Amino acid sequence: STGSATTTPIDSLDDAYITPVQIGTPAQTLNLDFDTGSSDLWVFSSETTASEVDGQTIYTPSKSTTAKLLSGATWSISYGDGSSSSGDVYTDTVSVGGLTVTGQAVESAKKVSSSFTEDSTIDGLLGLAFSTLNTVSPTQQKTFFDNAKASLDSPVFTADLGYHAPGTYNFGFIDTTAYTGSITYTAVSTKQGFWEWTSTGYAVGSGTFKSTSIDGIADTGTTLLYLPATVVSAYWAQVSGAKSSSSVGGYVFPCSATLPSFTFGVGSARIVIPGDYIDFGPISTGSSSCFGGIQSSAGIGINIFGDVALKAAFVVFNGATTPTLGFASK
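Numbering (mature numbering (1 follows the signal peptide of the UniProt record, and there is no 0)), first residue to last: 70 to 399.
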């Protein structure tokens, strides 16, 4: 089997991407944030504290003839940006782009933190990291990909995120028309439960390539590119007027600037992030100070190849016995 679904930016800045997901019988379609940095599939639901729902589409398991309460199971998660959610668990039928999993754990939110409530466009998350990170207790549950894997034509999924445009998540096949040149594959460590890999270095604009190992995670659920302070300083030094602002919470730059590109290494190959991808607009409405898309990972504890990086590439998440990551230009 295979599946193919379109993923769409939630706003004009590409702050996140939503992908429609069918849950239950008859289908209830929810728009979920596919997140290769976590491993829970959770949804706004009929059980969510009413004051914490503001415009989201909810899953109502009592209206699904295939929903079954997973007795005794609870879940609770906290994300790197400080947001959180928790609740109980159903199993139900879940389909993505024509690909169907029966008995998928659907984690029903009783509580969500304010940032989720305030984002009316995201109805929940669909985790695509390794199932070892799944928070369901006392019996850990598998991700959608993990459940689908054995049935897929090939045990892979691909992320093809658009810049200010729709893109595609495919399951079970590699669309050879969706990228240019060849796919370069690179080793993955699953030791922390993430799609963790080591970039071979970077360049700023038309500058020379610096060969240096950068360990980080491929994370579709993080907006920006978070890299070591040395790398990030080298980038923003090429933008007149750019500075790190403690009060804003990162590097800002004059909105009148032209940003240089940023290149990262995948083995001997190179992925180029155009300067425009690194512009996240005014820090506040009407400001001429703009927020940067490359930020320091210092104090995160891990480097994160988030959407800013990933949307510059066609990315293969290879879930073979020994997982690997593939990157192609497009």
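Don't be surprised by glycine CBs; every beta carbon is placed ideally from N, CA and C.
Worksheet item: Can you tell which of 206, 126, 396, 271 has the C-alpha that lies nearest to the C-alpha of residue 329?
Response: 271
Fill in: Burial state of residue 195 (16 or more Cβ within 10 Å)
buried
Fill in: First and last residue of the uninterrupted beta strand (DSSP E) at residue 266
265-273
Worksheet item: Of all the alpha helix (DSSP H) runs that stay within the bounds of the region 291-340, which reach a length of 4 or more residues?
Response: 298-305
Discussion item. Between which two residues does the alpha helix (DSSP H) holding residue 377 run?
Written reply: 376-379
Worksheet item: Between the C-alpha atoms of residue 301 and residue 245, what's the straight-line distance to the nearest angstrom?
Response: 33 Å
Fill in: Residue environment, residue 207, which counts as buried when at least 16 other CB atoms sit within 10 Å
exposed
Worksheet entry | CA nearest to the CA of residue 210, picked from 239, 174, 197, 238 | 174
Fill in: Bridge-paired residues (DSSP) for residue 372
285
Discussion item. Taking 8 Å as the threshold (C-beta atoms), are residue 108 and residue 240 in contact?
Written reply: no
Worksheet item: Which same chain residues, not among the five before or five after residue 77, have their C-beta less than 7 Å away from its C-beta?
Response: 86, 87, 235
Discussion item. Measuring alpha carbon to alpha carbon, tell me which residue in 368, 370, 351, 367 is nearest residue 361.
Written reply: 351
Fill in: Stretch pair the region 318-328 + the region 133-153: three plus CB contacts closer than 8 Å
no
Discussion item. Using 8 Å as the threshold, is the C-beta distance between residue 340 and residue 386 below it?
Written reply: no
Worksheet entry | Beta-bridge partners of residue 205, as assigned by DSSP | In DSSP, residue 205 forms no bridge with anything.
Item to complete: Output the boundary residues of the beta strand (DSSP E) element that contains residue 88.
Response: 86-92
Worksheet item: Taking DSSP as the reference, what is the three-state secondary structure of residue 361?
Response: strand
Worksheet entry | C-alpha gap between residue 218 and residue 158, whole angstroms | 22 Å
Fill in: Contact check, residue 106 vs residue 226, beta carbons under 8 Å
no
Discussion item. Taking contact to mean 3 or more Cβ pairs, one atom from each stretch, closer than 8 Å, check whether the region 94-101 and the region 374-388 are in contact.
Written reply: no
Discussion item. Restricting to Cα atoms, I'd like to know which of 249, 182, 333 is closest to residue 398.
Written reply: 249
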